[PDB]
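The structure appears right after this line, and notes come after that.
Ideal geometry is used to build each Cβ from the backbone, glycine not excepted, and the neighbour counts take in all protein chains shown. Rule-based calculations on the coordinates, nothing more; no lab input.
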Amino acid sequence: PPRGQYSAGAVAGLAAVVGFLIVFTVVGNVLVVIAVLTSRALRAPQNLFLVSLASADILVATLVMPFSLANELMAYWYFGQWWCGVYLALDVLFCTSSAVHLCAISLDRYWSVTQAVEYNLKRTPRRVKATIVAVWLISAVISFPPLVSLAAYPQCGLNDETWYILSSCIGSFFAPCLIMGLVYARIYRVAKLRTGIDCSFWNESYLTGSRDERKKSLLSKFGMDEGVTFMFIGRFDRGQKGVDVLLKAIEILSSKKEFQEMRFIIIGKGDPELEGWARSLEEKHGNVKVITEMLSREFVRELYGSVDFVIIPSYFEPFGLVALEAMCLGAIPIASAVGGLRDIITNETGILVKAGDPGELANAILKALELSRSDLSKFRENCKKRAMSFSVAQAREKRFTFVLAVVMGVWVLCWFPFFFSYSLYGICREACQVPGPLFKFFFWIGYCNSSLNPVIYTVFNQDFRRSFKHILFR
Amino acid sequence: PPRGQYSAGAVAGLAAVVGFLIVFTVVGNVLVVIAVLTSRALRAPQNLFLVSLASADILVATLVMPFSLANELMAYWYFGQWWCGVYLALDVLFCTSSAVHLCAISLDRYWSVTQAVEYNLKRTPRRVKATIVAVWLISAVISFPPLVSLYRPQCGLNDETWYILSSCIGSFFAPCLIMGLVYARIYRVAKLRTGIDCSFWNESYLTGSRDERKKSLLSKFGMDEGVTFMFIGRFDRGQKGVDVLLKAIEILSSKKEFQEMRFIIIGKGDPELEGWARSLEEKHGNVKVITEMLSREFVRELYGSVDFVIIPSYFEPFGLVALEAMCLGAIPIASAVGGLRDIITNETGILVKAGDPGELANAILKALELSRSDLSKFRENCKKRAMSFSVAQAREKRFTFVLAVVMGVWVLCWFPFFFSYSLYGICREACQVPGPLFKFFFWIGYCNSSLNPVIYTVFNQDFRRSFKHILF
Ligand SMILES: CC(C)CCC[C@@H](C)[C@H]1CC[C@H]2[C@@H]3CC=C4C[C@@H](O)CC[C@]4(C)[C@H]3CC[C@]12C
Ligand SMILES: CC(C)CCC[C@@H](C)[C@H]1CC[C@H]2[C@@H]3CC=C4C[C@@H](O)CC[C@]4(C)[C@H]3CC[C@]12C
Ligand SMILES: CCS(=O)(=O)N1CCC[C@@H]2CN3CCc4cc(OC)ccc4[C@H]3C[C@@H]21
Ligand SMILES: CCS(=O)(=O)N1CCC[C@@H]2CN3CCc4cc(OC)ccc4[C@H]3C[C@@H]21
Ligand SMILES: CCCCCCCC/C=C\CCCCCCCC(=O)O
Ligand SMILES: CCCCCCCC/C=C\CCCCCCCC(=O)O
């Protein structure tokens, strides 16, 4: 028998902490599976990647972690040649699937914010099951289990070839880290530009005045009569916010007999040529109130809770905050079916015109007038309800994405010492070999990562916290 | 005579990573020093501890860290017997001073939490600078044994079984016990929720004109416009002081000035005062007694429509009603008791004496005198004084949190080594963690010196804003 490097005390001690770890990883991750499959707030199809990731951790804990310790403590591989090959393939496989899982999850967070409309109709359990199958096959192809292995008292070790060490470090850690970084870099640019609405500020917290009363007060303050009001804010530009589409549509409306029934409040100081076209229409028509001034947030909220409709005629609008904050106060949007406006507005919450054509806009303003004569009271409440529901949906999804970045960062920091050390040995071998005891500790920090995701979810997410509390405490 | 384990390449790579780490630790912690000694957000005296703790971590990077690595790579102590004793003495002192600093900070937050106002005036820069020396001295009485025990060409530390075990308890486990127990008391008073929800109680969240809001409110009650006074809370003799207001209304009702005034009194509980209020509501179609539980949003609307908020409290330690009322624009008429006397000044509101209805009726009659002219400046003084209190509490709330993280991170960094060193003292080669792993463990320890400026950037907005102001 080979002399062991571990005393009885060290064996009992190490088997106890690792024993503790295995149990902690299993119950925690089993609880994650349970939370996703039971919690209403967590039963979304994209959350199945977390179920699949939890299993990768449950199986390192049961199929790999005990043999890593037993092999260490014993100074030899006792479990036979067959289980050596299966143990080595899995160890690499389960490590590799966490890497590929974090790439799949990252992309899913990226496309949900960017391609919100198109992507979410593809966020189906069957489609998610297809991607989880794909991550597992990519993890098997990357891991390539058929050749990982290779004796008086036998040993169980990996292939020592240079091309292999490096191929496997890149495929299983360095390239998945490059993908995750790049995707999360693209997520934090979008998250910075598509900032969430001031939920508390954009609300009719007056609970004092009436809609028709606020409208009459507003239209008297500007210098008009009581009628169907239309309103524009934002930069005066042909390239994006599309003020030109509205000014041209008003020129089409002026030639009509229904122009007298309509009131228009245009705002912006973007283009000198467009400002002139705007104020010339204010000079030519008394139904037009052009305000080139910079109106404070306090003034625009007063405007939204008075005007019947808000015209958002953008060529490109990735978020459409103006639509959301306007809908919260009761203004019915008339927007171009572009980017973020296509996502927010429904049949019950507004009118979606085609971007660029003023004839498309003018015809909608006429349709708006036809709807105005009847009970607009219930149509305005669908706008208020949608704006809140969409905003709270996006705030909580923006939060879930952050938690998932924490999951990704903690994984990268847990495996970096090992992969950095294993890569160096692949390169300079002996001249840069991390000592045996440090190398061993480095892949144990790696194994410890399997127990961490359930702590991250608990700490950073209320829905997993509540699910865990409901199971654990009654 | 002996040659190192480290090849020419390793030496170069290791010197570059320790080299980088030393530079990172120095610039980062130097940035913490400048941040506390320049930013008005960090001009609170308690922050000076983080300048002394930044100084500790700079000295680690500069005076001990190059020698730890130099000694390692070289396989012996090249620098001589005198620098061996100073290097070892300092290396232990900077580790203990970090543990003791985190006992001084932990205990500072505890007195901040326990004795709220009396031991807040005590926190002075000259008082804190004395604690910084107290902690630096205590650190020496721990690092360098009072038993005038020796620390021990190699450069080893004293190997005696009892120096090993007493030193781990003194520099790590005892300060880890203090930190934990003190923060156990801290998070026990954190559940009080004594913080003003400024993310809600803000007149910015209200829409329309305040005059138009006060008109519509009175219109809902079917009342004519006039100087609207409000009382909020429960109906009881003591704490709230409903009995001081109902009796104060009786002095005013017997005067031609009551005509002008309007009352929105909100109380629930015992029918003794409730019957007295309802009778005054039946007697005067000018007073409106509300008993039912009112929504958090409707109170925000009342604070932002009514002219004055009456707080006739006998005992009021915090005075949140006043802070919530002030943040909405309402001018308070409150008794100068506990917290109210600490919030309301001469320019913000009207302070009185608890228990006298004649003094409160006189204050209500002074409120009516004031309302006849523009009150807008008083309200702008009300919001200004109350929001400065909410930011002072939030700055204290964050600071206590960011420092639970610093302490938590320090323990995780030193636990591997201090547990390893302790085990060794007990069972020696029977539980000796391997040479390389033991050496890495104290380098995890040395890495903690660069982490603190990263912890502040991430978790404290004031330091993040300060570091952006220095570096751009
Ligand atoms: C839930 C988590 C955070 C628990 C953490 C358990 C940690 C402390 C345990 C789990 C497995 C352990 C390792 C198992 C094997 C070895 C090899 C031996 O030659 C030195 C100790 C070392 C390197 C152990 C160090 C401590 C270790 C990493
Ligand atoms: C910017 C900061 C946070 C980077 C952190 C620096 C880390 C990675 C550095 C600092 C000092 C280094 C250690 C110095 C000494 C030894 C002992 C040797 O037998 C193995 C390598 C080992 C254990 C090094 C590993 C890496 C190390 C711990
Ligand atoms: C001490 C022998 S050993 O150092 O050779 N060894 C076999 C036992 C487990 C240990 C850690 N795990 C984590 C994942 C993983 C991923 C890889 O990328 C493909 C490559 C190896 C490792 C393995 C293998 C390690
Ligand atoms: C392997 C040599 S050694 O093990 O003997 N050694 C000398 C070099 C530094 C190393 C780490 N530092 C951190 C602070 C520190 C605090 C203590 O608590 C009082 C006790 C020792 C340590 C030292 C000493 C270590
Ligand atoms: C006073 C410290 C508190 C101890 C409990 C927490 C320790 C858990 C972390 C690492 C332990 C690793 C196992 C090392 C012990 C081996 C047993 C032995 O020494 O004989
Ligand atoms: C907070 C502590 C930081 C922990 C991160 C660990 C990352 C270090 C990883 C690998 C170290 C590489 C050193 C290789 C040179 C040593 C070779 C030799 O001993 O001859």
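Worth pointing out:
Matching residues to (1) buried (at least 20 other Cβ atoms within 10 Å of the Cβ); (2) more than 14 Å from chain A (Cβ to nearest Cβ); (3) in a helix (DSSP H, G or I):
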{"site": "B:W410", "(1), (2), (3)": "yes, yes, yes"}
{"site": "B:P416", "(1), (2), (3)": "no, no, yes"}
{"site": "B:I426", "(1), (2), (3)": "no, no, yes"}
{"site": "B:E429", "(1), (2), (3)": "no, no, yes"}
{"site": "B:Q432", "(1), (2), (3)": "no, no, no"}
{"site": "B:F440", "(1), (2), (3)": "yes, no, yes"}
{"site": "B:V454", "(1), (2), (3)": "no, no, yes"}
{"site": "B:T457", "(1), (2), (3)": "no, yes, yes"}
{"site": "B:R465", "(1), (2), (3)": "no, yes, yes"}
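- Close Cβ contacts (under 7 Å, 6 or more residues apart or on different chains) running from residues in the stretch B:389-416 that are within 16 Å of ligand 4 (Cβ to nearest atom) to residues that are of a type in the set (G, A, S) and assigned to a helix (DSSP H, G or I) comprise B:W410/B:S98; B:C413/B:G445; B:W414/B:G445.
- Residue list for the stretch A:95-113, restricted to those being within 16 Å of ligand 3 (Cβ to nearest atom) and surrounded by fewer than 22 Cβ atoms within 10 Å (Cβ to Cβ): A:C103
- Figure legend. Inter-residue proximity from the stretch B:372-388: first residues among the hydroxyl-bearing types (S, T, Y), second residues surrounded by fewer than 16 Cβ atoms within 10 Å (Cβ to Cβ), beta-carbon distance below 7 Å, spacing 6+ or different chains. No pairs are indicated.
- Test: residue in the stretch A:40-62 that is more than 14 Å from chain B (Cβ to nearest Cβ) and farther than 30 Å from A:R399 by Cβ: yes
- When A:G80, A:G28 are checked against the criterion of being within 16 Å of ligand 1 (Cβ to nearest atom) and among the small types (G, A, S), a single residue qualifies: A:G28.
- Some residue of the stretch B:356-366 being buried (at least 23 other Cβ atoms within 10 Å of the Cβ) and assigned to a strand (DSSP E or B): no
- For the stretch A:165-175, the criterion of being buried (at least 19 other Cβ atoms within 10 Å of the Cβ) and β-branched (V, I, T) is met by at least one residue.
- Qualifying positions in the stretch A:188-207 - surrounded by fewer than 16 Cβ atoms within 10 Å (Cβ to Cβ) and within 9 Å of chain B (Cβ to nearest Cβ): A:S200
- Strands (runs of 3 or more DSSP E) contained entirely in the stretch A:274-346, each with at least 3 residues that are out of contact with any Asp or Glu (no Cβ under 7 Å at 6 or more places or on another chain): A:309-312, A:332-336
- The one condition in (1) within 14 Å of chain B (Cβ to nearest Cβ); (2) within 30 Å of A:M262 (Cβ to Cβ) that A:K241 fails to fulfil: (1)
- Among the helices (runs of 4 or more DSSP H) confined to the stretch B:132-226, the ones with at least 3 residues that are closer than 30 Å to B:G319 by Cβ are located at B:174-189, B:210-220.
- Those residues of the stretch A:19-30 which are surrounded by fewer than 17 Cβ atoms within 10 Å (Cβ to Cβ) and either within 16 Å of ligand 4 (Cβ to nearest atom) or small (G, A, S) (or both), in sequence order: A:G19
- When residues of the stretch A:68-83 are limited to those that are more than 10 Å from ligand 3 (Cβ to nearest atom) and in a helix (DSSP H, G or I), the one nearest to the other protein chains (Cβ to nearest Cβ): A:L73
- Those residues of the stretch B:217-247 which are among the hydroxyl-bearing types (S, T, Y) and in contact with a helix residue (DSSP H, G or I) (Cβ under 8 Å, 6 or more places away or on another chain), in sequence order: B:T228
- Tallying residues that are farther than 18 Å from B:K247 by Cα and surrounded by fewer than 24 Cβ atoms within 10 Å (Cβ to Cβ) within the stretch B:308-318 yields 3.
- Enumeration of residues in the stretch A:99-126 that are of a type in the set (A, V, I, L, M, F, W, C) and assigned to a helix (DSSP H, G or I): A:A99, A:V100, A:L102, A:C103, A:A104, A:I105, A:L107, A:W111, A:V113, A:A116, A:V117
- Filter pass, A:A16 being loosely packed, with under 12 Cβ neighbours inside 10 Å, in a helix (DSSP H, G or I) and near ligand 5 (Cβ under 9 Å from one of its atoms): yes
- Meets criteria (aromatic (F, W, Y), on the phi > 0 side of the Ramachandran plot and more than 15 Å from ligand 2 (Cβ to nearest atom)) for B:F472: yes
- Meets criteria (among the acidic types (D, E) and under 30 Å from B:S388 (Cβ atoms)) for B:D197: yes
- Reported count of residues in the stretch B:1-16, each being more than 11 Å from chain A (Cβ to nearest Cβ) and among the small types (G, A, S), is 3.
- Residue check: B:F438 meets all listed conditions (1) in contact with a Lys or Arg (Cβ under 9 Å, 6 or more places away or on another chain); (2) within 16 Å of ligand 5 (Cβ to nearest atom) but one, namely (1).
- Tallying residues that are within 16 Å of ligand 1 (Cβ to nearest atom) and of a type outside the set (V, I, T) within the stretch B:429-472 yields 15.
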